[PDB]
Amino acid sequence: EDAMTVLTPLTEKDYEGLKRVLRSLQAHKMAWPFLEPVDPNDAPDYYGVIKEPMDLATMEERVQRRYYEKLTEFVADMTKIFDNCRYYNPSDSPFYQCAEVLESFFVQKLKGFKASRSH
């Protein structure tokens, strides 16, 4: 990551952009498994294996409360969603496929956000 991403504080204008990025992911057709925390009734062994769970509703709460100080911290939480999914599920599962698709989409939107900060 470049120096702006790591070290430039998130301004109010930056936060409006983060809200838009998040809403785009929440509206994606392949985002359904990630919208809310993993349901322990459906996955009884999940919280024993995955030590730092993450989901898009937890990220929305954090954005609203201005939890993030630097872009790198927002990117780290998002990346945790996808990394947790690829570690827990096998490579041939529909969950794994959704992570592949949605991470690619996130990278496209994140590049757009970074461009709009510098110009």
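Residue numbers here begin at 1 and follow the sequence given. Rigid core (definition): largest C-alpha set, two forms, superposition within 1.5 Å.
*Would you mind working out which of 54 to 62 and 37 to 45 sits farther from this form in 9 other deposited structures of this protein by RMS C-alpha distance, with the rigid core as the fit?*
When 37 to 45 and 54 to 62 are compared in 9 other deposited structures of this protein, the bigger C-alpha shift is seen for 37 to 45.
_Comparing average C-alpha B factors as deposited, tell me which of 8 to 16 and 21 to 29 sits higher._
If you average the C-alpha B-factors of 8 to 16 and of 21 to 29, the larger mean comes out for 8 to 16.
*Take the C-alpha B-factors listed in the entry for 55 to 63 and for 36 to 44, compute each mean, and give the stretch with the larger one.*
Mean CA B-factor is higher for 36 to 44.
*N89: which third of its chain by C-alpha temperature factor?*
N89: CA B-factor falls in the middle third of its chain.
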